[PDB]
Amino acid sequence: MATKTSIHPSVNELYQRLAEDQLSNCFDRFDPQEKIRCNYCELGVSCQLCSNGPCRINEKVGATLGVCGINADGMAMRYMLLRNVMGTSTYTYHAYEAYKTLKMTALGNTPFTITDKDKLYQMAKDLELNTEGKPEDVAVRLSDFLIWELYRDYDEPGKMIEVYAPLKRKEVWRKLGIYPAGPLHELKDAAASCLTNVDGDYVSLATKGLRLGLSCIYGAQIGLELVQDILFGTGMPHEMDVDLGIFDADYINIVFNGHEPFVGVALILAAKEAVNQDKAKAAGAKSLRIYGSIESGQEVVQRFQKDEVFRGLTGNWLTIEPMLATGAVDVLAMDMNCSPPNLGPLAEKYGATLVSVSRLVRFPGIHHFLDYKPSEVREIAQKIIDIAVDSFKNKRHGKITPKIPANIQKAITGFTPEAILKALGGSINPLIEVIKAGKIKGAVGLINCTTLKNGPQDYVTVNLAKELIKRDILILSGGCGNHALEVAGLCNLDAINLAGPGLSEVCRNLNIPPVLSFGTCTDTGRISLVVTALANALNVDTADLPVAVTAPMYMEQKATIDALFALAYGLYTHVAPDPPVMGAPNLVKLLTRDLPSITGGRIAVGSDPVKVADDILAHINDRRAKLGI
């Protein structure tokens, strides 16, 4: 086939089974869409927002404006803003559930506990909360405070942004009028702006997008990730097994898949109970095992070890259909994106049971719906185990032929700001030393999805990462793009020898890989803590640091909201494939050429790994020169 598949042999092997079984799958479905691609939509110059449409910009035939009067620049930026309301809403949804989960845990009504009490008290102190009473009392106050940050209106000052952002950024944001309200109000204001005949000004709409990105990081992401650390521990580096060879057909295999890790943690706790292992053995299995997929899986591997029960990370979202084709999964428990909506016929062919554990996730052919509530997660996890044992006995065992690829890779996971400081001996200064000396030229935040638009699964991401480390650029990674680097072997100690002269030397001395796994796209806020620490140590603004961000195989608006944040934060932000805006020439000029004089950041483009890496290195070296290094 000339069908774009994957850079990973395990996925290519399983794609062959899908094709031979004549089952629909993302790789094959790309080809028919390629025959009929709409150029207007590709360029951002179509609109479907009201009944006078649908409209298109085509100046050659006199269609210079939409019926309502909007121009191409406003049209393109408006649809970008509307889609980014979806991205912000997902992070806001997740944060709210994290805060309710901490509150209910503190009240004693979940299987969870308060694990990182030091972080709980430090956060409460930094936010000037009352710290008297028991740890549980403090956790309740923190949960209510972080809910207040979600709800804050555009007229009440926030505290998270003051604690966690650097000084010069705050001044820039106040000058521009982009200090945000809470994300719930900001996303509502953004959506209202996009209604027909409201905001048709591309500069205004772009500014609203920048505000929305700031609200997402300071108003949702930083709080949610620190709360998940309080519940489940702060990650430290440890070795993890990845890729699809981690499966063994003789066990009952439950896979959790999504972004929110609460059900997965409850499943691991329940699977460790003897009553449930005994059930699996009586059903004919060797034992019962739990596995993570995509971002929920990554959240767990950041904080938990591989053991007899929890087995590691399968892969990113384009691995889900291949995973079912192993014929080894008993339950796939899905909590959020990505849960692709044609899994039904694959689950039927390969003998797997599909369980949704969120009211958000629905599609044809799901077998069970167990919507999450903190006070019911113990019961949900036990029901899932019961379903999995019956599915193994009645659907899979003795009926489905397994075809599990042999590929397994090792990755060191669980890097956090805290783990970096520890690896440096307690201070950031040794990292500053090696950057000033030129051994490490700079650092890149790789915050990405995966997609088929600009290559086989993960092709641009992995090859770009190789080119960056060759140029002595350290990578901090999150998202489906992080899962790709783990599976490709860039996150273990052998990868030291893939780096250039200075970075390989530093990594060898510190005993760390040249790509540091920081988790998920939800950890963009956490990555900003590292960049903010560098800004303070060098006493410079973030826009002047030798850093950059890349989302090189972006798919949807969890990544683009992080890119909008990076722009507001003053950074060179590479995005591929092109977002649908290139038919809007004044918008393109704003994002790629004029933003350095506004926020300090800019959008960069392209899918050639060498050219993209060269352009990033040139920016880094420009920053270095002005710093005197």
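The first residue of the shown sequence is 1; numbering continues from there.
- The question of which stretch, 339-347 or 529-537, has the higher mean Cα B factor is settled in favour of 529-537.
- Higher average CA B factor: 56-64, of the stretches 56-64 and 589-597.
- Taking the PDB entry at face value, the top CA B factor among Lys208, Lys422, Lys470, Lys100 belongs to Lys422.
- Of the residues listed, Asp144, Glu132, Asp201, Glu186, the entry assigns the biggest Cα temperature factor to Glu132.
- In the PDB entry, a CA B factor belonging to the middle third of its chain's modelled residues is recorded for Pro364.
- In the deposited entry, the Cα temperature factor of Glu308 places it in the highest third of its chain's modelled residues.
- In the PDB entry, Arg174 places in the highest third of its chain by CA B-factor.
- In the deposited entry, the Cα temperature factor of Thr110 places it in the highest third of its chain's modelled residues.
- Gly292: CA B factor in the highest third of modelled residues in this chain (values from the PDB entry).
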